[PDB]
Amino acid sequence: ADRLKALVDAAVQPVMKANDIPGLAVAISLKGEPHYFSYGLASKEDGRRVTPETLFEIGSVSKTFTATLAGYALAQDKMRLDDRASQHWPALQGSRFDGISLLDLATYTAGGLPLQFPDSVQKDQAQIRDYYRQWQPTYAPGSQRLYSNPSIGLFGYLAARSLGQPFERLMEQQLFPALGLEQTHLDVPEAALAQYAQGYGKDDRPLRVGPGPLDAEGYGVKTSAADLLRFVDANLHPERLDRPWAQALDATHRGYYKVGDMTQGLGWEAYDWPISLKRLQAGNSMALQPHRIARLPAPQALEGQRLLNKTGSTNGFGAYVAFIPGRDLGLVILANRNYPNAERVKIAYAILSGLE
Ligand SMILES: *[B@@]1([O])OC2=C(C([O])=O)[C]=[C][C]=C2[C][C]1[N]C(=O)[C][C]1[C][C][C]([N][C][C][N])[C][C]1
C-alpha cells in the first residue's frame, strides 16, 4: 500500500505539476483487486476534491464503448464487418458508402473521412445524412488510416440501426447495464451533475463538451475512474459476462492491420509488451494525417504480451486507458485538462513498469 501509493505518487505528482492538471483520478486493476488514487480538485472554484466517483469526460475512449456495441450487433448476426455500409441505412444507398465496408469505417480506412465533421455540420439527423450522401473518398478504401470521428461515428450509428434502436438508447438501456456500469453516462442525469468535474482549457477557461454530430458515438461518454476500471475488468475477463456480451468484448480484441508499432482493433489500439516509452508515446502522438497500413493476412487475437490502449481528449479533459491481457493488469487515468498524450503515457508507463 505504501510502495503502491509511492509508485503512483511518483508517476502522477510531477506530471500534474508540469501540465498544471487541477485534478486526476487513477484506477488500477492488479491480479483482480482494484486500487484507486485520487489527486487534486474536480472544481477549483469550490475546492471539490477528485474521488473515484468523480465524473470525467473520456472523449475518444468512448470509441471503445462504440466498438463494444458493434461487437454486440456482430454477436447477434445483425451485421457483418464486410457488409457494405449503405446496407444498414437506406438514406446512404446510391452514395459512395455503397462501396465502403463496416470494417473500413470502424478502422478509419474508408478513404479520407476527416478527423472531425466540418463546423457547418450541426447535431441534426438531416445535416449528418446529407454530409455522408455527398462525401467522396480521396483514396482507395482499405489502404490508408486517417483517425476520424465521422468514420467510427457512422460505424456506431450503423451498428445501432442494425439492432433497430437509436445508439444512445442501446447504450443506456442494454450496454451500460450489461457491463454493470451505473456511473457511466452519455447524458449526465440532473441527480449526478454534482459529480461532473469542471474541464480547464487555456487561461483555465471552463470547458464541458457541447453538442455535436455523432458526439455519443465519437466522444460523448462521462464516467468515473471506478466505472471505467469496471469496463477494463470486463475487457480483461469477457468470460465472466453473459455469452453475447462476452462475444461483443472479444470482437474489440481482434487486430486488422499495423501502422508502425500499433495494431488496429475495433476501438482498441495494441502494442507488443514490453516496448519503449518513446515508442508508446509516438504511437499515441501520431501526426493527424493519413498513414499507409500493413494489412494482416488474417485478423490477429489481441491477447497475451500486448498493451491495448486508447487516448481520449475533449477541450477540457484528457483520458488514457491501458491494459495487458497476459498480466491481468488494467489502468485508467482521467484528468480535467487536455494535457499531451505523451504525458498521459508517461504516467501509465511508470506505473505499468513499476509492476513488471
Ligand atoms: B478523441 O478524443 O480523440 C482525439 C484525440 C485523442 O485520441 O486523445 C486527440 C485529438 C482529437 C481527437 C478526436 C476525438 N475528440 C474530439 O473530437 C473532441 C471534441 C470535438 C468537437 C468539439 N466541439 C465542437 C464545437 N462545435 C468538442 C471536442
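Position 1 is the first residue of the sequence; numbering continues from there. When a ligand or atom number is given, it counts from 1 through the structure's own listing order.
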Residue, atom name and distance, where the atom is the protein heavy atom closest to atom 22 (C) of ligand 1: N315 OD1, 4.3 Å
Closest protein heavy atom (residue, atom, distance) for atom 12 (C) of ligand 1: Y147 CE2, 3.9 Å
Nearest option to atom 7 (O) of ligand 1, as decided by whichever heavy atom of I152, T311, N341, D119 sits closest: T311
salt_bridge(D46, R48) N-O dist < 4.0 Å: yes
Atom 26 (N) of ligand 1: nearest protein contact (heavy atom, Å): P211 O, 4.6 Å
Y339 six-ring centre to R344 NZ/CZ under 6.0 Å and within 45° of normal: yes
Residue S60 vicinity, atoms of ligand 1 by number, heavy atom under 4.0 Å: 1 (B), 2 (O), 3 (O), 4 (C), 13 (C), 14 (C), 15 (N)
Short N-O contact, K63 and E269, less than 4.0 angstrom: no
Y157: which of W89, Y131, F167 passes ring-ring contact (aromatic ring centres under 6.0 Å, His included): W89
Mode of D215 contact toward ligand 1 - side chain, backbone, both, neither (heavy atoms, under 4.0 Å): neither
Parallel, tilted or perpendicular, as decided by the 30° and 60° cut-offs, for the rings of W268 and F323: perpendicular
Shortest protein contact, atom 17 (O) of ligand 1 (heavy atom only): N149 ND2, 2.7 Å
N or O contact, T314 vs ligand 1, cut-off under 3.5 Å: no
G312 heavy atom under 4.0 Å from ligand 1: yes
Nearest protein heavy atom with distance in Å, relative to atom 18 (C) of ligand 1: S313 O, 3.4 Å
Contact bool for atom 24 (C) of ligand 1 (protein heavy atom, d < 4.0 Å): no
Atom 1 (B) of ligand 1 touched by protein (heavy atom, under 4.0 Å): yes
Atom 4 (C) of ligand 1 touched by protein heavy atom at under 4.0 Å: yes
Basic-acidic side-chain contact under 4.0 Å: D227, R230: yes
Side-chain H-bond candidate by donor/acceptor type, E53 with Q195, under 3.5 Å: no
Distance from atom 20 (C) of ligand 1 to nearest protein heavy atom, with residue and atom: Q116 NE2, 3.5 Å
Aromatic plane relationship, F231 with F65 - under 30° parallel, 30 to 60° tilted, over 60° perpendicular: parallel
Proximal atoms of ligand 1 relative to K310 (non-hydrogen, under 4.0 Å): 7 (O)
Sub-3.5 Å N/O-N/O distance, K63 and ligand 1: no
Electrostatic pair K222-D187, nearest N-O below 4.0 angstrom: no
Salt bridge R279-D261, side-chain N to carboxylate O under 4.0 Å: yes
